[PDB]
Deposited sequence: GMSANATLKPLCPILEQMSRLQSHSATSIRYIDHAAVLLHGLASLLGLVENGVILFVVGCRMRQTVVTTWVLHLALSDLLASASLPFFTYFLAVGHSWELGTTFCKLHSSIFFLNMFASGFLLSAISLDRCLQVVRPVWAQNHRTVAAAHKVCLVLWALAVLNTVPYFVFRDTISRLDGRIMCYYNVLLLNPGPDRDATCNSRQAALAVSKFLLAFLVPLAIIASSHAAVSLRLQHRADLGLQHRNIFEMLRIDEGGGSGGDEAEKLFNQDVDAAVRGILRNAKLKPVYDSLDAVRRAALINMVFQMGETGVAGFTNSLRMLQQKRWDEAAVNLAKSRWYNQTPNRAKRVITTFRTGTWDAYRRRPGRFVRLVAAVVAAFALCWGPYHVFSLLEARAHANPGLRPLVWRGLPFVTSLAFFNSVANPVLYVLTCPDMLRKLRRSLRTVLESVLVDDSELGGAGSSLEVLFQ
């Protein structure tokens, strides 16, 4: 036989005269239905958004946001089995680590994605010139891959410090064991230090900091839109295009700004090139603005690569240039930012990017609301559990609330897909269409 040293928080939990267990069937059914609903709801969401819906940047955020919830409701039926046998983990040690990791993986992922969403909207409003030339779908996909890697990285310690602990009544707990690996000379000290180190860091990186970014990005937008509304109602600013001085301040540090919008710098480069300058002189003010965007999107070298297209613009053969530009890799990989430039060359009319209002606003505000209401109460008790190492009086209070608010965060994965439909008419329409098509196939 063996013997492991445990933290005082655990030892009391390991001591609460019979092998017979009482089964709360109500919780079994409650978590049972939540498993099926959670899998089916997020299941059809991924299909509707990903297969039968036009792919943009915002729908990419939601797509990954529905993927983490799918994994979250995949671990749920194993937790139902846990309750079915009277609160006991009977599926080995390695499966205990993996099952627990999913909960934390979904936690960090959801907190990072809600941050990315708020920042994507912020860049769209605060820096219009940059956004229209770089906010592509492929970039949105690339960002998510980084976020998941950081999500996995932050769930590494929780995988390590999970362990199965035998009780005195026969049950087997699956919970924290901060002494499992590399315990210091002082067990009591390292029990408290690394426990608070987990509760505090998880509270900041995955909740408080997301909420801070969300609220901070929300205030920047509302003020920027108010200023823009005042500019639009001015007679002078009627046909103005590619503005920068909306944020105020001087215009001397334009070459040093992140998410750059230095329009003047590109113009000097255009005149420096022997290929682009005579073409630039041929075009009118509107078609010059579209040429600058091309320089912004692929650089001077790439724009000078379209020989036949430049020759067509210089002779004012617009429709002929439009046909040529449409058969390129530039238009094939990023159609949205490309179609806007090509059409400008055709019509000779400018289409304002800052005219287009944001989408999925009702969706994000609803998911955030559910996010703060489900993970809110959880972190409150989690921080108290770390505090309960020095104060013994808080311990019975933790044993009551923590099992509930944990299941509350669990049910967050079941709430979101319902909220997706109620705040997005396009989603609901596309769903009833698929539903009707499916039912018609049988008849």
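Q: What are the unmodelled segments when the structure is compared with the full deposited sequence, in sequence order?
A: Those stretches are 1-5, 22-25, 453-470, listed in order.
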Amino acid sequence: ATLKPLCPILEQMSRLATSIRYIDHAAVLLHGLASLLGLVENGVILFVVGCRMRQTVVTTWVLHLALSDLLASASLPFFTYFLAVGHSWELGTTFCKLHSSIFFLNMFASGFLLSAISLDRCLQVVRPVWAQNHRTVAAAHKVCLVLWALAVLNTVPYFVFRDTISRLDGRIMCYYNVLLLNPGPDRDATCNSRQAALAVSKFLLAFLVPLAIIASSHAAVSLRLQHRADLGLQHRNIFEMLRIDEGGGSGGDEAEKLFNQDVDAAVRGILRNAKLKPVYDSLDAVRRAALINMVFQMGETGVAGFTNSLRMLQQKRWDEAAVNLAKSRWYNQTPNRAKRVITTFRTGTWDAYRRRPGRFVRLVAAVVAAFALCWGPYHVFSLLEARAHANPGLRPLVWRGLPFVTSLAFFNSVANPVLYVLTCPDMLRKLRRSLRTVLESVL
From here on, numbers count along this sequence of modelled residues.
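Q: Test of understanding: from the entry's C-alpha B-factors, which stretch has the higher mean, 119-127 or 262-270?
A: The recorded data point to 262-270.
Q: Which is higher on average in the deposited entry, the C-alpha temperature factors of 383-391 or of 39-47?
A: Comparing 383-391 with 39-47, the higher average CA B-factor belongs to 383-391.
Q: Take the CA temperature factors straight from the PDB entry and tell me which of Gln226, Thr93, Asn133, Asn324 peaks.
A: Among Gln226, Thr93, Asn133, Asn324, the PDB entry lists the largest C-alpha B-factor for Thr93.
Q: By the CA temperature factor listed in this entry, which of these ranks top: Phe203, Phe78, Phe239, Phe108?
A: Reading the PDB entry, the winner on C-alpha B-factor is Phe239.
Q: Where does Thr301 sit by CA temperature factor within its chain: lowest, middle or highest third?
A: Answer is highest: the recorded C-alpha B-factor places it there.
Q: Ordered by C-alpha B-factor within the chain, which third holds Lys275? Give me lowest, middle or highest, please.
A: For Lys275, whose C-alpha B-factor we compare with every modelled residue in the chain, the answer is the highest third.
Q: Within this chain's modelled residues, let me know which third the CA B factor of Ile9 belongs to: lowest, middle or highest.
A: Ranked within chain, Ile9 CA B lands in the highest tercile.
Q: Looking at the entry's B-factor column for C-alpha atoms only, identify whether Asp253 ranks in the lowest, middle or highest third of its chain.
A: For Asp253, the deposited C-alpha B-factor lands in the highest third.
Q: Among the chain's modelled residues, which third holds the C-alpha B-factor of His64?
A: Ranked within chain, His64 CA B lands in the lowest tercile.
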